[PDB]
Amino acid sequence: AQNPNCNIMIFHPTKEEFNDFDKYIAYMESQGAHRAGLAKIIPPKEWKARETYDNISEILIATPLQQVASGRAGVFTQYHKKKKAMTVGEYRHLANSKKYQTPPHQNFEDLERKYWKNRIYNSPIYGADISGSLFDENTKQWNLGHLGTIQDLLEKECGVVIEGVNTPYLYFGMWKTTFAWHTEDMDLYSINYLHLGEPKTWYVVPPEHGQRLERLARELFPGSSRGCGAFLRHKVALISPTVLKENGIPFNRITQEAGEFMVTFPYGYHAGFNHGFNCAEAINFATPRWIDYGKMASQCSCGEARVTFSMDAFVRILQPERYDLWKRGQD
Ligand SMILES: O=C(O)CNC(=O)C(=O)O
Ligand SMILES: [Mg+2]
Ligand code: NI
Ligand SMILES: [Zn+2]
């Protein structure tokens, strides 16, 4: 078995190997990359996402989210308070202001320490989940807006035609902006490209050990666990690396820098934070190996998790027993 310890692997594809996306995901899996739940892909030196980022200030963040924490430093939940719209230009200025800027620090390790120590006492503002793309239309390789769709994957594998579309999303982050512990909708893969700015630190649990995270989460968020048998789908819970280590949960961490891709694999729980002003683009995708995970994915039916239009068909085809209950939670 390749990568039995479930370490996060880092890949350096050549320009030749960067031509066929599907083939390269399959190659990574042949090397055991999926065991970690997360991989990093450094693009070949000849590749570029776009020519410059000079003209992005006019993108609108229609609903910036202020991330307000409750709990203790290592075990907290966060809720999103909607703020008034602002442009990327305005957001970047806000990120760099004395109230929100990255503090002085020695290295990534020191900054991580300051994150887990102090995150709960601040409420950073995240421009998340903005439909759109920053890839140049002429970028042919690993262009997240030109991937084969999940609907076409399901059709190719299962022979059923379904409605739905699959498009990327932009994330504008600042110091301490946080993504809570989650897997993807229907335990899909995700791919995330850090277009510009400061880094993003990631924590991941190997898919083979995801249920150990869930069990600990039920213990740490006992009211939430009573409200819903899949409350991590709400994407509100944070658990620090110190807490995970105390409770023997296997995990890994890695920091993503501008110009790098991360791939999350089916049922790879991940969480993390941004180091300072940045812009990422991410999209879900599927492979044939995903199908069995989609059939087994937990679902939130309490009403909180509320997701896209396109998830309907996935639940309807892959999880027909669950469909009625799940849809009641959507409606
Ligand atoms: O970048 C973020 O805020 C969150 N991204 C992801 O969870 C992902 O790409 O799967
Ligand atoms: Mg613009
Ligand atoms: Ni994710
Ligand atoms: Zn729920």
Side-chain angles (χ1 to χ4, degrees), residues 8 36-41 50 52-62 64-65 67 78 80 85-93 95 115 119 124-130 132-134 136 142 144 147 150 166-205 207 210 213 232-238 254-258 260-286 290 293 297 305 307-308:
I8 295 168
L38 182 67
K40 178 183 286 196
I41 307 96
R50 66 184 295 116
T52 83
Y53 293 88
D54 285 337
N55 297 103
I56 69 169
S57 302
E58 312 308 308
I59 292 171
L60 191 68
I61 308 173
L65 303 177
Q67 301 185 298
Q78 59 183 15
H80 293 164
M86 76 179 85
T87 62
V88 166
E90 293 164 335
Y91 181 92
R92 177 176 62 224
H93 191 264
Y115 176 84
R119 156 68 187 94
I125 292 170
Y126 205 5
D129 294 321
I130 299 161
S133 187
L134 294 170
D136 189 316
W142 287 57
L144 306 188
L147 302 182
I150 297 147
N166 172 206
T167 51
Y169 294 96
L170 300 177
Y171 298 79
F172 290 93
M174 68 169 60
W175 168 233
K176 286 176 173 165
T177 53
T178 302
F179 52 108
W181 281 104
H182 67 284
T183 60
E184 306 304 306
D185 292 340
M186 219 65 187
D187 295 345
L188 285 156
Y189 294 72
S190 67
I191 183 166
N192 182 300
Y193 181 66
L194 192 46
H195 278 280
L196 63 98
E198 303 306 314
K200 190 187 294 284
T201 293
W202 298 67
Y203 301 94
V204 57
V205 177
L213 185 69
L232 293 178
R233 299 277 170 211
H234 312 165
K235 307 203 294 197
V236 299
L238 279 300
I254 193 168
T255 297
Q256 174 196 23
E257 301 186 74
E260 308 173 343
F261 289 92
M262 308 295 296
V263 164
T264 83
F265 293 88
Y267 197 62
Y269 275 103
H270 51 286
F273 65 90
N274 293 301
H275 288 205
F277 173 67
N278 63 18
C279 172
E281 182 170 341
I283 198 172
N284 300 118
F285 73 92
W290 166 72
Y293 291 85
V307 311
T308 188

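Residues: numbered from 1 along the sequence shown. Both backbone and side-chain heavy atoms feed into the values below; hydrogens, waters and symmetry mates do not. Order of listing sets the numbers, starting from 1, for every ligand and every atom in it.
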Identified side chain to side chain donor-acceptor pair (under 3.5 Å) partner of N192 from the options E260, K200, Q256, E281 | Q256

The single option from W202, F273, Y126 that satisfies ring-ring contact (aromatic ring centres under 6.0 Å, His included) with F179 is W202

Angle subtended at the Ni ion (ligand 3) by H270 NE2 and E184 OE2, to the nearest 10 degrees, is 90°

Contact atoms of ligand 1, heavy-atom distance to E184 under 4.0 Å = 10 (O)

Test side chain to side chain contact (heavy atoms under 4.5 Å, CB included) on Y193 and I191 and set out the steps.
-> CA-CA 7 Å; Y193 181 66; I191 183 166; over 6 Å; no

Within 4.0 Å of some non-hydrogen atom of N192, the atoms of ligand 1 are 1 (O), 5 (N), 9 (O)

Among the N/O/S atoms of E58, select the one at the shortest distance from the Mg ion (ligand 2) and name it.
-> N

Hey, what do you get for CZ (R233) to NE2 (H182), rounding to the nearest 0.5 Å?
-> 9.5 Å

Compute the shortest N/O to N/O distance between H182 and ligand 1 and return yes if it is under 3.5 Å, no if not.
-> yes

Could you grab the distance from atom OG of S133 to atom OH of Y169, nearest 0.5 Å is fine?
-> 13.0 Å

Find all atoms of ligand 1 within a distance of less than 4.0 Å from any non-hydrogen atom belonging to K200, and give their numbers and elements.
-> 1 (O), 2 (C), 3 (O)

Interatomic distance, NE2@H195 vs CG@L170, rounded to 0.5 Å, equals 6.5 Å

Verify the distance criterion only: is there a donor paired with an acceptor across the side chains of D129 and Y171 at less than 3.5 Å?
-> yes

Heavy atom of the protein closest to atom 6 (C) of ligand 1 (residue, atom name, distance) | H270 NE2, 4.0 Å

Identify, by atom number and element, the atoms of ligand 1 in contact range of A282, meaning under 4.0 Å from any of its heavy atoms.
-> 9 (O)

Measure the distance from atom 4 (C) of ligand 1 to every protein heavy atom, then report the residue, atom name and distance (to 0.1 Å) of the closest one.
-> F179 CG, 3.8 Å

Proximal atoms of ligand 1 relative to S190 (non-hydrogen, under 4.0 Å) | 8 (C), 9 (O), 10 (O)

Does the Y91 side chain pair with the main chain of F172, one donor and one acceptor, at a distance under 3.5 Å?
-> yes

Sub-4.0 Å atoms of ligand 1 with respect to non-hydrogen atoms of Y126 = 1 (O), 2 (C), 3 (O)

Could you grab the distance from atom CG of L147 to atom CH2 of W142, nearest 0.5 Å is fine?
-> 9.0 Å

With heavy atoms of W202 as the reference, note each atom of ligand 1 found under 4.0 Å away.
-> 8 (C), 9 (O)

What part of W181 sits under 4.0 Å from ligand 1 if we count only heavy atoms: the side chain, the backbone, both or neither?
-> neither

Does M262 reach ligand 1, in the sense of a heavy atom lying below 4.0 Å from it?
-> no

